[PDB]
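Taking the form deposited in one PDB entry, here's one chain by itself in structure tokens.
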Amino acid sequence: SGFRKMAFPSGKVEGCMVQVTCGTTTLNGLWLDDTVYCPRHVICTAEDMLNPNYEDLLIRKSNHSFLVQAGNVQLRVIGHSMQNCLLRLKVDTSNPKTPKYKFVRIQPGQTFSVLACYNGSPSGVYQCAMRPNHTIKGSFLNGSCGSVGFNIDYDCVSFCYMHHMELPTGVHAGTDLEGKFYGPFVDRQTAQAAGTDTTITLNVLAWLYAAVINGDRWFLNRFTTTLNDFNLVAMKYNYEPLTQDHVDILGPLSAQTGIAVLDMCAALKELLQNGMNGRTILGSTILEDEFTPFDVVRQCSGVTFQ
């Protein structure tokens, strides 16, 4: 029983964190096998970030312009190249702690664990969701660039995010491990701003199912609703439009609890219109949207209290 915003164990990722320095800038790098991945802006000086031409700035560097350190030990870079917004540094030795892994680009609404690091050392781990607007509401301080987001399936680590910057509102932006930004953001100092955001409807529904699985159903009702009728209401509350695909995804959860998806949508509709009246769901006073249906199934019992 119980329900927490839990992250994946971070050990497999901790063993891949290193420090990367160029000039006076230092940040984190991801060391897999004989390669180290890090934000390309590590090569930028103060004035460079205003309007940097990375191709021009990088061609002026050599392998020895980069100082990679695993702990206090230096790793000799024997090659370098740029891949979109990331730098790929080849080193003269392999990381024996490299776990089975793959590079994946996630979709907004999905969740992942983040191992916040500073100077190549782990600070903490937390779970979050990529907002529909591609930003993440993380906890990063200066020097956290290069920290990565990931998910773990069995013993295979799927890296999906590398931290690059913080926007005006205090939210964060980054890229996948191929160096491609999530969102319209760019790695330079400009008037960038997070776009409009919405609540991840699919996740809120998944969360309501988690509550039922855990024995609570005070928010249910005798009504049902049309997908369209639900969206007409939900969209008024800044909720992401729900599609048939989302409904289908909730199938397993629906089957385990005996509550039809549209019936749960009817419950959510009522919660949005009438509020929670001082009550709580899984200990929360607000509707949580950082748990995907997959997260709920993974954390909750396969058998509902009843």
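Heads up: residue numbers just count along the shown sequence, starting at 1.
This protein has a second form, the form deposited with a small molecule bound, left out of what is shown; the following refers to that one.
Although the partner is absent from this view, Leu141 contacts the small molecule in the entry with it bound, with a non-hydrogen atom inside 4.5 angstroms. For the chain shown alone, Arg188 is a contact residue for the small molecule in the entry with it bound, at least one non-hydrogen atom being within 4.5 angstroms. In the entry with it bound, the small molecule sits within 4.5 Å of a heavy atom of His163. In the entry with it bound, at least one heavy atom of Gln192 sits within 4.5 Å of a heavy atom of the small molecule.
For a residue to qualify, one of its non-hydrogen atoms must sit within 4.5 Å of the small molecule in the entry with it bound; all three of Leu27, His41 and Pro168 qualify. Screening 141-149, 224-232, 96-104, 72-80 for residues having heavy atoms within 4.5 Å of the small molecule in the entry with it bound returns a single hit, 141-149.
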